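Okay, so here's the structure we're looking at.
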Amino acid sequence: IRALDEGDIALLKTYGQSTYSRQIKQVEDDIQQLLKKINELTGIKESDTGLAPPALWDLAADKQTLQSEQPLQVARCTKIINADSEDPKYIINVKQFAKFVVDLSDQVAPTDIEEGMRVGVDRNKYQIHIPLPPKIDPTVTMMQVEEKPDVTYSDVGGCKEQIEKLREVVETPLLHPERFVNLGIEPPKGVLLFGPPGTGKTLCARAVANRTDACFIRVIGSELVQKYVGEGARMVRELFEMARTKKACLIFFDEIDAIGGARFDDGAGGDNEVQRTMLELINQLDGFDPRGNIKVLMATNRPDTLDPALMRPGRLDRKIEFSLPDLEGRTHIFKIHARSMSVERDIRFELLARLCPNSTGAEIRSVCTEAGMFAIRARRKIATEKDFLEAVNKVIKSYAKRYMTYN
Amino acid sequence: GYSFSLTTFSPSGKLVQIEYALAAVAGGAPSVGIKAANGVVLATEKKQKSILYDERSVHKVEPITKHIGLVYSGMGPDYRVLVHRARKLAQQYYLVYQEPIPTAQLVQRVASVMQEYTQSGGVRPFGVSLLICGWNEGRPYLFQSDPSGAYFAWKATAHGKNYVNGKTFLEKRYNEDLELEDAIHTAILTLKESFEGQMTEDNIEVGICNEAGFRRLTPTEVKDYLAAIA
Amino acid sequence: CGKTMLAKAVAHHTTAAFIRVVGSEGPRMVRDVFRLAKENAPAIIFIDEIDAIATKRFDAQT
Amino acid sequence: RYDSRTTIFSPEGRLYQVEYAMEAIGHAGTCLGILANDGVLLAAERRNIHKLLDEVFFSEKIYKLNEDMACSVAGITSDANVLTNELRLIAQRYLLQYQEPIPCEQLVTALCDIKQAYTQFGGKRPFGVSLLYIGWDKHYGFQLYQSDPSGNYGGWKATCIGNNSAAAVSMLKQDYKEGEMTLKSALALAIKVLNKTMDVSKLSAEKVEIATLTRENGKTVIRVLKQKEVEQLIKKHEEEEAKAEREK
Amino acid sequence: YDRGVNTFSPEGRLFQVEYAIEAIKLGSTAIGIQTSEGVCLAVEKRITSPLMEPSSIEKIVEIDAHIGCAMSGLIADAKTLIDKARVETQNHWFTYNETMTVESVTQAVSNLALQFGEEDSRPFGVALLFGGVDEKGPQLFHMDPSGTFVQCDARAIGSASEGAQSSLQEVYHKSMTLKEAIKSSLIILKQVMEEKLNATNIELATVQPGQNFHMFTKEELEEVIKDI
Amino acid sequence: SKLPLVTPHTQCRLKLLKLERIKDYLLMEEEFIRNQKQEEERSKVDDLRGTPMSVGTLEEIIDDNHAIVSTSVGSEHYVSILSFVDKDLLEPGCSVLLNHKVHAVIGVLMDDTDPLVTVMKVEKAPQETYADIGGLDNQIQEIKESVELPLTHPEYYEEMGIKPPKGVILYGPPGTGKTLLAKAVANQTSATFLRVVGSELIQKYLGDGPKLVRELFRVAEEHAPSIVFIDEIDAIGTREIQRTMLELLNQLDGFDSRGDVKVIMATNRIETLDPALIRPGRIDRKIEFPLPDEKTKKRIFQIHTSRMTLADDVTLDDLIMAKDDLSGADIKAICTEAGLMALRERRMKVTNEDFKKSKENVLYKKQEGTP
Amino acid sequence: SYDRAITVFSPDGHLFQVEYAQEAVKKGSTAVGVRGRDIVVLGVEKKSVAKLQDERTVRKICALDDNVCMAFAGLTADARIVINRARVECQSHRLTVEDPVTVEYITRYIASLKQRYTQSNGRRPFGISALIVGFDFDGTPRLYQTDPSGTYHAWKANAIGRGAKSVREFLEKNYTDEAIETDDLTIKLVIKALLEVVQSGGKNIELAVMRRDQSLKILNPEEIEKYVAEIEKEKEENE
Amino acid sequence: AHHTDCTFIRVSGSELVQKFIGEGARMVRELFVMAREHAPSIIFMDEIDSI
Ligand SMILES: Nc1ncnc2c1ncn2[C@@H]1O[C@H](COP(=O)(O)OP(=O)(O)O)[C@@H](O)[C@H]1O
Ligand SMILES: Nc1ncnc2c1ncn2[C@@H]1O[C@H](COP(=O)(O)OP(=O)(O)O)[C@@H](O)[C@H]1O
Ligand SMILES: Nc1ncnc2c1ncn2[C@@H]1O[C@H](COP(=O)(O)OP(=O)(O)O)[C@@H](O)[C@H]1O
């Protein structure tokens with residue numbers, strides 16, 4: 001067949017039109033052009049700024065302070081010359097700018113200034129006047145939780161021994177140091193949590209963080225693993241320094257299997273960098289210099305995978321096992337999950353528990369939720385035992401999900 | 001590539017090991033075989049690494065039967081094992097049928113053994129190209145077999161080092177009504193073209209099949225053709 | 001035998017700039033050396049023992 | 001690796017090695033069994049192209065299993081030779097046992113079965129040969145069969161394999177004839193398809209090898225076409241294309 | 001250390017037949033109980049469709065008029081093991097005229113199981129439970145692809161064997177009547193494994209010392225269904 | 001803002017009337033805008049921030065009105081904060097406007113960094129709707145119950161005391177409409193849509209994978225009501241790649257409270273998925289996308305051929321019939337190629353035979369292999 | 001330890017190569033067998049005679065006994081091999097055993113052959129499944145299916161091949177628990193199933209019938225089209 | 001590309017491979033990023049069979 005000659009497309013797009021074509025495409029072009037005219041007439045949209053509610057701010061104090069104070073630059077202090085201790089002289093490093101020899105102000109005092117110490121300095125004389133806190137890496141400091149999760153130990157089901165033994169280490173010495181000190185015992189400082197996925201390890205971590213009352217820092221595998229070498233080790237250094245700053249602190253590592261992988265060499269050097277980061281960590285937990293009042297929690301799904309030095313007691317003193325819940329534990333967690341719902345009073349939960357196979361607590365919450373959706377899809381405001389049994393069937397058959405290899 | 005194993009196919013359908021064998025072929029000794037009007041002439045060079053090598057101690061043209069002459073491409077030891085097999089096969093045919101083995105049929109059996117070595121995963125083919133001259137029922141025959149198990153009939157051909165020049169030579173320097181003497185002259189001429197360095201009675205050896213019988217040239221006759229001629 | 005000598009001598013007598021890469025040194029490298037050659041209009045590229053990369057093509061396995 | 005050994009399936013279950021054997025057959029010389037009645041033919045043009053080629057047998061593609069059986073060759077040369085020898089051996093077994101000619105389908109199935117058995121066991125390379133059969137037997141008379149490396153066999157009235165096999169079967173399905181399409185029309189159509197598939201203008205006689213089976217005296221004869229008959233066949237096809245030109 | 005059983009790992013474990021235990025796991029479960037009254041076996045069919053003949057799946061078999069068998073894993077290898085057990089019983093009885101001890105049947109099947117790297121294929125990916133009687137006692141035995149076997153009073157094999165085994169352990173004692181052990185097995189299989197009992201996907205086989213006939217339970221499950 | 005959707009598509013005067021209605025309204029816009037104080041506030045603040053104002057980064061806040069700011073030269077300055085700056089809008093990493101002379105903080109600048117995830121924020125869902133999908137009713141109710149109802153009406157779940165489901169996997173043969181359904185649900189509830197294609201989270205850099213997923217969840221929670229789509233999760237789903245899996249799994253299940261962001265993950269090889277990523281706790285909703293049946297195929301044919309001019313002779317049933325051999329994408333392919341075939345022979349009105357040969361050719365190109 | 005072989009197991013215990021054989025069977029065409037009240041019927045589709053091809057030679061239905069018949073779907077080369085083995089086994093069993101062959105014995109033989117072919121290194125398994133219908137179930141009809149895993153089962157009605165997922169459900173949709181009175185009705189149901197052919201034309205369906213006492217019976221295309229017409233008349237009742 | 005006035009962008013399949021995971025995906029996606037930002041254009045993958 002011959003190709004579409006220009007006349008052929010012309011007649012194709014002319015003969016086949018309705019008697020409306022011209023009007024409605026012209027009207028559409030007017031749509032577009034009138035839209036553009038409206039856009040150019042209204043101008044661009046104001047992106048604006050901060051400017052808190054007008055009654056809140058200003059005062060002549062703002063401009064007076066702006067014209068009276070000094071925009072101090074920030075400099076690393078170094079090598080207090082201390083040549084005669086009547087005027088000591090200091091060295092400062094203005095990053096990517098310069099290095100200066102300076103003195104204190106009439107306000108600050110020599111005892112207030114230490115080496116390093118990240119001091120502030122004026123802009124033209126470069127005289128030092130302000131004590132500034134050290135540079136904590138932002139991607140390390142946002143790691144502090146700053147908000148307790150809405151979970152308590154009562155929400156954890158079945159694992160009475162596990163929660164007792166973990167509270168013995170992460171909560172009891174902080175709450176009651178007298179028991180340990182008057183008996184003259186040193187409590188453990190490292191707890192590892194291991195078990196199958198979905199057994200409640202992260203839930204126990206959430207409960208601990210809610211009941212900690214001290215500085216609690218979560219840690220995730222992705223946070224430590226930077227791209228550039230040594231950077232993850234650097235962040236862990238800053239993290240442990242931050243923990244030392246707090247009067248006691250709790251450190252939680254979630255899925256430490258991401259970094260704690262056992263060292264291997266013959267794999268053309270292997271991952272190595274992750275091994276270097278976990279090596280800086282393995283030193284920080286217990287190396288030179290005492291760790292301090294830093295109690296540390298790790299949870300992982302592969303306890304055997306971590307490097308043996310990380311399993312080592314003195315850094316991981318108490319190891320806890322979260323196994324698949326027993327019948328009593330299944331009943332307890334079913335009660336706990338059913339507390340929040342609007343259900344029948346006569347739900348015989350232990351029946352549902354004994355219908356459950358070796359199901360983790362995540363499965364229990366899932367089947368409870370599936371009962372919730374059954375009730376909601378039925379529009380009923382009460383979840384019934386029939387809803388719970390359909391939920392059990394759905395969840396269990398879904399997990400179970402030719403297959404002629406069977407018997 | 002697909003050459004470390006002999007019993008597998010490549011995605012394009014090639015069994016790379018056997019063209020590797022053919023690459024070993026044509027890297028060996030140059031040799032040229034042509035068919036004249038009456039007889040068949042096969043010529044091959046004899047040039048060793050050092051002058052110490054007494055070349056007459058190692059013949060290259062071998063009579064399978066009194067009516068069959070055989071030449072190879074250069075793979076010495078593989079040629080020897082294959083020529084032993086060919087001699088025994090010719091003897092079996094000679095005794096079974098009470099008649100001498102046909103040249104084409106002899107080449108068929110030799111290529112059949114060749115194919116037998118082109119299978120399994122723990123053996124390799126003999127990377128040898130075989131030129132067979134023979135007389136059968138008053139007709140002269142020149143055949144060529146290759147390690148793949150295939151065989152063909154050539155009025156004239158050549159293999160070994162610098163074989164393309166021999167091919168062009170026998171393309172323009174040949175006609176099917178050549179006499180035996182002129183056939184040997186054409187053979188030594190294409191040998192001169194293909195070979196590097198001069199030759200004497202020492203450096204060439206030639207076998208000629210005539211319908212009465214086959215015979216390998218004495219080195220003196222080889223010099224008579226190669227030297228003082230052409 | 002003097003391949004590199006003679007190429008270098010040709011480059012020195014001419015206004016060319018002599019870039020050299022040995023074949024034992026993937027395709028990104030080839031594109032980079034060609035681009036580098038483009039940067040100097042009369043430049044000359046020399047590949048040393050290119051046979052290793054220019055051997056016959058067949059069905060490749062690994 | 002899956003493709004390295006014949007006994008390993010793909011995750012989809014396909015076998016790579018026999019597929020590679022068919023793509024090998026893709027390189028084979030064009031050869032077909034043509035559509036004929038009261039006769040059959042196996043035309044197989046020779047890929048051999050060189051002046052000093054002797055072609056002393058005058059036949060290297062079509063092999064006569066017996067005076068009522070002929071087979072074509074398209075595949076590995078040595079594999080094809082050993083396979084043809086095995087065909088003659090199997091026919092000899094059947095005849096010596098029965099003193100009756102072997103049926104076409106039975107012999108074809110026997111060869112394809114031993115081929116499948118060879119492909120099935122490990123440490124062994126599949127026979128990279130496909131082939132065609134032209135025969136006459138008691139049960140069905142004139143028959144043309146096609147067989148592949150996997151051991152698959154089938155009946156085709158007109159089929160072609162080798163170089164441009166798809167194109168050949170395509171124009172065979174294009175100008176397909178049936179019924180009164182006798183042996184001579186089969187020669188004409190084979191000449192047409194050979195000229196179309198081959199790139200040679202005025203296709204040369206020596207480049208093509210043709211054979212045909214015809215029931216003479218009830219004892220049958222298989223004649224492989226000599227130079228002269230091919231010559232006037234090709235010349236007649238050339239003047240036939242000239243006649244087709246004359247219509248304009 | 002993946003090619004076969006002829007490779008030893010640094011911990012000594014052969015990294016081929018652990019996958020045979022895992023192949024035991026993928027198969028449907030089987031339960032066996034050893035009681036003084038009789039030895040019983042229960043078996044789940046995992047029936048794909050009702051168009052299937054339920055008896056066609058031979059996951060419950062009769063080795064001999066004094067011994068029955070159930071098993072989990074691969075069905076073809078299981079059938080081969082069952083065939084050997086039957087021919088071994090036939091030969092030993094026809095020659096010696098003494099009853100084959102069930103333990104001896106386990107020994108013979110295990111000796112076959114030791115034929116993948118011990119002579120001159122692959123481990124038989126199936127675990128078996130035998131329940132039999134003899135002139136000296138009614139017994140239940142279990143064996144695995146590794147060729148080891150053990151005497152058990154209450155054993156569970158196949159998929160989800162852990163929960164069923166825990167329930168079977170908790171319900172079992174040495175003085176159960178066969179009726180109570182059977183009923184406990186049925187209620188356990190009902191609660192944990194699939195669903196309420198039905199003749200289409202579950203099968204039972206019991207053996208008593210004085211009963212060489214009707215080694216199975218068939219077309220009488222009705223009295224169970226209403227009274228379960 | 002965007003135009004209304006005119007919903008006749010055949011060329012009829014109803015389409016016209018809707019159009020000139022729209023023209024009327026935009027013309028009133030033009031009229032109104034063409035037919036055409038706080039100097040105290042400006043004279044204080046916008047004169048205190050004397051032009052020009054530099055742009056820098058906030059690092060830390062030390063006092064109520066004192067903070068550390070870096071600039072593009074990399075220097076660090078302890079400066080004061082003027083009272084009008086919203087303190088709650090200030091955090092480490094925030095872009096801040098600064099007085100040129102005294103570097104004093106004079107306001108927060110709305111963020112214009114993190115370019116890549118800013119691009120994958122797409123938000124350009126409106127090309128489809130639940131209308132554009134026909135016959136996937138079971139899947140529609142499932143995903144509505146899982147992700148759409150909790151976003152539109154979380155009241156039911158909060159009243160029930162239910163924490164809503166927090167993960168959905170879609171699976172099935174390709175071309176069944178998983179991506180279309182995800183885009184459609186993104187359109188139904190106007191919550192911000194996030195799409196990231198599978199292998200694209202796999203990166204050469206060791207950190208870039210987990211880092212990319214972390215920043216994607218960060219931006220998702222920043223947009224608050226959001227839906228994140230990972231198509232071909234198989235590319236990651238089936239140490240470094242496993243570490244990205246661990247990051248995603250913990251972002252799903254792990255510490256902190258995720259809130260409102262929903263997760264849709266589409267796979268073609270669900271059975272090859274690793275057990276960890278299919279979390280019973282998180283992923284409680286697995287939605288299969290079977291190959292369309294006769295009714296669904298008919299619906300897809302009507303939907304796709306609806307916008308095409310059709311002849312009378314088209315008997316859709318012979319196109320619908322045979323078996324469930326193909327998906328919706330193949331149906332769109334048949335419709336398109338039938339359009340081209342009608343075009344070649346110069347029909348702007350496709351006929352039945354066009355679709356017949358179109359389906360035949362598609363089935364030819366569908367699968368392959370030697371007999 | 002991934003599959004890479006036939007005699008090694010994946011870490012979860014599955015043998016992947018038998019699954020690959022199952023997939024190879026899934027690539028094959030449709031094959032739906034049933035057993036009726038007294039007769040057994042079979043219908044094979046997707047003949048696709050390629051004009052120059054003559055359909056008869058391929059023999060999509062093969063009988064190897066005094067009375068038993070069906071081909072094996074998958075790769076037809078393995079089908080012919082197992083056809084030869086079935087011929088040899090049935091003839092040998094009839095000649096050697098005191099009583100003639102039964103369908104159960106031949107089904108077990110085929111299953112054991114497939115298993116013994118699978119259970120070794122360097123031996124490619126038969127990637128073909130089959131549906132066996134026999135007469136001598138003590139003078140009753142019955143149907144078996146054979147799976148390349150070396151496994152055999154006994155169906156009332158089964159489907160394998162490209163439509164295995166579909167037609168089986170179709171069977172589950174309407175396989176009447178009432179034994180099919182007027183087994184012609186069962187043949188009409190088989191024809192309705194064959195209307196679900198890969199080409200769905202129904203004009204090239206090759207059908208066989210055997211009444212559990214008769215020998216092999218073959219249905220010609222015109223008489224099969226008669227049953228197709230009866231099925232179409234039944235389908236047109238929806239008006 | 002010349003006659004239809006659309007822009008020409010060429011990237012060979014051999015250029016696609018690269019020595020690192022996560023680079024071919026990135027390079028293809030950004031190749032189509034140039035494709036979209038150039039607007040009317042044609043994308044060439046010479047020797048796509050290499051991948
Ligand atoms: N013993 C339990 N009691 C109450 N809730 C539980 C229990 N085990 C699991 N859950 C529920 O299931 C989830 C389990 O997650 P978790 O196991 O902590 O993750 P990970 O395995 O990554 O640590 C929790 O959100 C919790 O709500
Ligand atoms: N013809 C020659 N005359 C002088 N020196 C030579 C000659 N050929 C090679 N050389 C010596 O060999 C060295 C390397 O030679 P090179 O140019 O690398 O040859 P090729 O390129 O063949 O390897 C040079 O330093 C040079 O001194
Ligand atoms: N049920 C359906 N309704 C409408 N269109 C569909 C349907 N199923 C598939 N499609 C077509 O297929 C394409 C979507 O394919 P999809 O299955 O979403 O891709 P993926 O497999 O990558 O998720 C769309 O172009 C759409 O037009």
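Residues are referred to by chain and number: the chain letter is A, B, ... according to the order shown in the structure tokens, the number counts from 1 in that chain, and ligands are numbered separately from 1 in the order shown.
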Check which residues fall inside 8 Å of ligand 2 when counting only C-alpha atoms and all ligand atoms, and print them as a PDB file with N, CA, C and O atoms, in the first residue's frame.
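Everything below was put into result_4.pdb:
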ATOM      1  N   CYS C   1      60.706  -4.635  16.824  1.00  0.00           N
ATOM      2  CA  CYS C   1      61.355  -4.398  15.544  1.00  0.00           C
ATOM      3  C   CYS C   1      61.408  -2.932  15.147  1.00  0.00           C
ATOM      4  O   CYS C   1      62.159  -2.592  14.227  1.00  0.00           O
ATOM      5  N   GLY C   2      60.649  -2.059  15.801  1.00  0.00           N
ATOM      6  CA  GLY C   2      60.686  -0.650  15.478  1.00  0.00           C
ATOM      7  C   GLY C   2      59.332  -0.067  15.135  1.00  0.00           C
ATOM      8  O   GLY C   2      59.254   1.047  14.610  1.00  0.00           O
ATOM      9  N   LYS C   3      58.258  -0.813  15.410  1.00  0.00           N
ATOM     10  CA  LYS C   3      56.919  -0.267  15.215  1.00  0.00           C
ATOM     11  C   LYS C   3      56.729   0.996  16.042  1.00  0.00           C
ATOM     12  O   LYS C   3      56.341   2.049  15.520  1.00  0.00           O
ATOM     13  N   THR C   4      57.021   0.913  17.343  1.00  0.00           N
ATOM     14  CA  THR C   4      56.850   2.070  18.208  1.00  0.00           C
ATOM     15  C   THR C   4      57.865   3.161  17.888  1.00  0.00           C
ATOM     16  O   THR C   4      57.507   4.343  17.878  1.00  0.00           O
ATOM     17  N   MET C   5      59.119   2.791  17.601  1.00  0.00           N
ATOM     18  CA  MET C   5      60.091   3.783  17.145  1.00  0.00           C
ATOM     19  C   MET C   5      59.597   4.531  15.921  1.00  0.00           C
ATOM     20  O   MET C   5      59.672   5.761  15.861  1.00  0.00           O
ATOM     21  N   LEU C   6      59.140   3.800  14.910  1.00  0.00           N
ATOM     22  CA  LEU C   6      58.813   4.450  13.651  1.00  0.00           C
ATOM     23  C   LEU C   6      57.544   5.286  13.780  1.00  0.00           C
ATOM     24  O   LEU C   6      57.465   6.382  13.209  1.00  0.00           O
ATOM     25  N   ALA C   7      56.561   4.810  14.551  1.00  0.00           N
ATOM     26  CA  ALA C   7      55.389   5.632  14.835  1.00  0.00           C
ATOM     27  C   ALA C   7      55.777   6.906  15.574  1.00  0.00           C
ATOM     28  O   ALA C   7      55.296   7.997  15.245  1.00  0.00           O
ATOM     29  N   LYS C   8      56.654   6.789  16.575  1.00  0.00           N
ATOM     30  CA  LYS C   8      57.099   7.961  17.318  1.00  0.00           C
ATOM     31  C   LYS C   8      57.849   8.935  16.419  1.00  0.00           C
ATOM     32  O   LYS C   8      57.677  10.151  16.527  1.00  0.00           O
ATOM     33  N   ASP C  48      48.965  -0.873  20.931  1.00  0.00           N
ATOM     34  CA  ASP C  48      50.087  -1.800  20.952  1.00  0.00           C
ATOM     35  C   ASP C  48      49.569  -3.208  21.206  1.00  0.00           C
ATOM     36  O   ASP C  48      48.895  -3.454  22.212  1.00  0.00           O
TER      37      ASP C  48
END
When you get a sec, could you note down which chain B residues fall within 7 Å of chain D, using only C-alpha atoms, as number ranges by chain?
B: 7-13, 115, 119-121, 148-150, 153-156
Filtering to N, CA and C atoms, could you give me those residues as a PDB file, in the first residue's frame?
ATOM      1  N   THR B   7      31.258 -31.943  23.251  1.00  0.00           N
ATOM      2  CA  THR B   7      29.928 -32.518  23.055  1.00  0.00           C
ATOM      3  C   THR B   7      28.798 -31.532  23.335  1.00  0.00           C
ATOM      4  N   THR B   8      28.980 -30.248  23.029  1.00  0.00           N
ATOM      5  CA  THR B   8      27.925 -29.266  23.248  1.00  0.00           C
ATOM      6  C   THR B   8      27.854 -28.314  22.063  1.00  0.00           C
ATOM      7  N   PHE B   9      26.673 -27.744  21.838  1.00  0.00           N
ATOM      8  CA  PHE B   9      26.486 -26.783  20.761  1.00  0.00           C
ATOM      9  C   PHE B   9      26.550 -25.352  21.284  1.00  0.00           C
ATOM     10  N   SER B  10      27.046 -24.457  20.438  1.00  0.00           N
ATOM     11  CA  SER B  10      26.967 -23.031  20.695  1.00  0.00           C
ATOM     12  C   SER B  10      25.592 -22.505  20.294  1.00  0.00           C
ATOM     13  N   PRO B  11      25.206 -21.326  20.790  1.00  0.00           N
ATOM     14  CA  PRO B  11      23.907 -20.759  20.392  1.00  0.00           C
ATOM     15  C   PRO B  11      23.749 -20.573  18.892  1.00  0.00           C
ATOM     16  N   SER B  12      24.840 -20.338  18.165  1.00  0.00           N
ATOM     17  CA  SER B  12      24.772 -20.212  16.714  1.00  0.00           C
ATOM     18  C   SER B  12      24.853 -21.552  15.996  1.00  0.00           C
ATOM     19  N   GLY B  13      24.970 -22.656  16.728  1.00  0.00           N
ATOM     20  CA  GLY B  13      25.050 -23.968  16.124  1.00  0.00           C
ATOM     21  C   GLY B  13      26.439 -24.428  15.749  1.00  0.00           C
ATOM     22  N   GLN B 115      34.930 -38.884  12.724  1.00  0.00           N
ATOM     23  CA  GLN B 115      33.687 -38.491  13.376  1.00  0.00           C
ATOM     24  C   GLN B 115      33.525 -39.187  14.719  1.00  0.00           C
ATOM     25  N   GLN B 119      33.139 -36.846  19.327  1.00  0.00           N
ATOM     26  CA  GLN B 119      32.084 -36.900  20.330  1.00  0.00           C
ATOM     27  C   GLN B 119      32.719 -37.140  21.697  1.00  0.00           C
ATOM     28  N   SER B 120      31.868 -37.408  22.692  1.00  0.00           N
ATOM     29  CA  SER B 120      32.267 -37.590  24.088  1.00  0.00           C
ATOM     30  C   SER B 120      32.840 -36.314  24.691  1.00  0.00           C
ATOM     31  N   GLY B 121      32.995 -36.300  26.015  1.00  0.00           N
ATOM     32  CA  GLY B 121      33.542 -35.160  26.722  1.00  0.00           C
ATOM     33  C   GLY B 121      34.930 -35.339  27.290  1.00  0.00           C
ATOM     34  N   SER B 148      36.614 -32.849  11.102  1.00  0.00           N
ATOM     35  CA  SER B 148      35.189 -32.821  11.400  1.00  0.00           C
ATOM     36  C   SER B 148      34.476 -34.100  10.991  1.00  0.00           C
ATOM     37  N   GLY B 149      35.143 -34.993  10.265  1.00  0.00           N
ATOM     38  CA  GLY B 149      34.505 -36.165   9.715  1.00  0.00           C
ATOM     39  C   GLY B 149      33.970 -35.993   8.312  1.00  0.00           C
ATOM     40  N   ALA B 150      34.115 -34.810   7.722  1.00  0.00           N
ATOM     41  CA  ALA B 150      33.673 -34.581   6.359  1.00  0.00           C
ATOM     42  C   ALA B 150      34.798 -34.882   5.374  1.00  0.00           C
ATOM     43  N   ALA B 153      35.903 -34.430  -2.782  1.00  0.00           N
ATOM     44  CA  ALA B 153      36.733 -34.765  -3.929  1.00  0.00           C
ATOM     45  C   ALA B 153      37.240 -33.487  -4.586  1.00  0.00           C
ATOM     46  N   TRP B 154      38.542 -33.444  -4.855  1.00  0.00           N
ATOM     47  CA  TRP B 154      39.210 -32.286  -5.430  1.00  0.00           C
ATOM     48  C   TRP B 154      39.970 -32.712  -6.675  1.00  0.00           C
ATOM     49  N   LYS B 155      39.787 -31.978  -7.775  1.00  0.00           N
ATOM     50  CA  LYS B 155      40.726 -32.128  -8.883  1.00  0.00           C
ATOM     51  C   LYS B 155      42.110 -31.644  -8.474  1.00  0.00           C
ATOM     52  N   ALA B 156      42.166 -30.546  -7.726  1.00  0.00           N
ATOM     53  CA  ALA B 156      43.411 -30.030  -7.183  1.00  0.00           C
ATOM     54  C   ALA B 156      43.083 -29.218  -5.941  1.00  0.00           C
TER      55      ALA B 156
END
Long-range neighbours of segment 338-351 of chain A as a list in words, 7 Å cut-off, only C-alpha atoms, 3 positions minimum in chain
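Selected residues are residues 331, 334, 335, 354, 355, 382, 383, 384 and 385 of chain A; 160, 161 and 162 of chain F.
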Atoms kept (N, CA and C atoms) for selection, written as a compact mmCIF listing (two decimals), in the first residue's frame:
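And here is the file that came out, part_39.txt:
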# COMPACT_ATOMS: atom_id res chain seq x y z
N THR A 331 -2.85 -16.45 73.75
CA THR A 331 -4.05 -15.93 74.40
C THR A 331 -3.80 -14.52 74.94
N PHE A 334 -3.60 -12.00 72.16
CA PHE A 334 -4.93 -11.80 71.59
C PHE A 334 -5.75 -10.88 72.48
N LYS A 335 -5.69 -11.09 73.80
CA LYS A 335 -6.33 -10.16 74.73
C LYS A 335 -5.81 -8.74 74.52
N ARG A 354 -5.64 -21.52 70.03
CA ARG A 354 -5.33 -22.91 69.72
C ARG A 354 -5.66 -23.26 68.27
N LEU A 355 -6.46 -22.43 67.59
CA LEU A 355 -6.56 -22.56 66.14
C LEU A 355 -5.29 -22.07 65.46
N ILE A 382 -19.61 -3.88 65.70
CA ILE A 382 -19.09 -4.86 66.64
C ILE A 382 -18.45 -5.99 65.85
N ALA A 383 -17.20 -6.31 66.17
CA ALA A 383 -16.56 -7.47 65.58
C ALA A 383 -16.96 -8.73 66.34
N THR A 384 -17.32 -9.76 65.58
CA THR A 384 -17.88 -10.97 66.14
C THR A 384 -16.89 -12.12 66.01
N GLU A 385 -17.18 -13.21 66.73
CA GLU A 385 -16.34 -14.39 66.65
C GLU A 385 -16.31 -14.96 65.24
N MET F 160 -13.36 1.90 65.50
CA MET F 160 -13.22 0.48 65.76
C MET F 160 -12.02 0.16 66.64
N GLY F 161 -11.16 1.15 66.91
CA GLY F 161 -9.92 0.87 67.60
C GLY F 161 -8.89 0.17 66.75
N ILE F 162 -9.11 0.11 65.44
CA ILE F 162 -8.25 -0.66 64.55
C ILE F 162 -7.10 0.20 64.06
